[PDB]
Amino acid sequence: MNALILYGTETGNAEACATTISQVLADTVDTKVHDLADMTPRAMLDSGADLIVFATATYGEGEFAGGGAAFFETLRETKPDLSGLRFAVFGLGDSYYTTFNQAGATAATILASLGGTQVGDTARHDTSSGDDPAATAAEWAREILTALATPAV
């Protein structure tokens, strides 16, 4: 299995999370990290990666941070088949705000609707918890490894 770890950020937290996730996953799956500001659905598909991990912050009206907004709009507009892919979502947000962690929820909805298969839970990192996002992402990445190793029965 090989993975792409894609981040949507404004102030750098999601970037740090993508990097930490990549280092945790690397002994089990080959990984590459990219900013959503420089990735598209077509380039994602072109890579041939079969696990796509998203680290996405929320801003505005529950919108994707950074490059995520245009990336997910291209998915909505073009609706490519993602049935060949597994995905996982690490959301960043802050319960100080309304639309708490809505970007991660929206990503999981859209990706599954196109046939992607989710691995693990959608994380909801909360800045108001005081926990460091990248540390939380590292712990979540171990949960994803456990999920990948877990059978139906």
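Residue positions are given as counts along the sequence shown, with the first one as 1.
The stretch with the higher mean CA B factor, choosing between 110 to 118 and 29 to 37, is 29 to 37. Stretch comparison (60 to 68 versus 87 to 95) by mean CA B-factor in the PDB entry places 60 to 68 on top. When the CA B factors of the chain's modelled residues are split into thirds, the value for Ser129 lands in the highest one. Among all modelled residues in this chain, the alpha-carbon of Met44 has a temperature factor (C-alpha) in the middle third. Per-chain ranking of the deposited C-alpha B factor places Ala14 in the lowest third.
Among all modelled residues in its chain, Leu6 ranks in the lowest third by Cα B-factor. In the deposited entry, the Cα temperature factor of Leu145 places it in the highest third of its chain's modelled residues.
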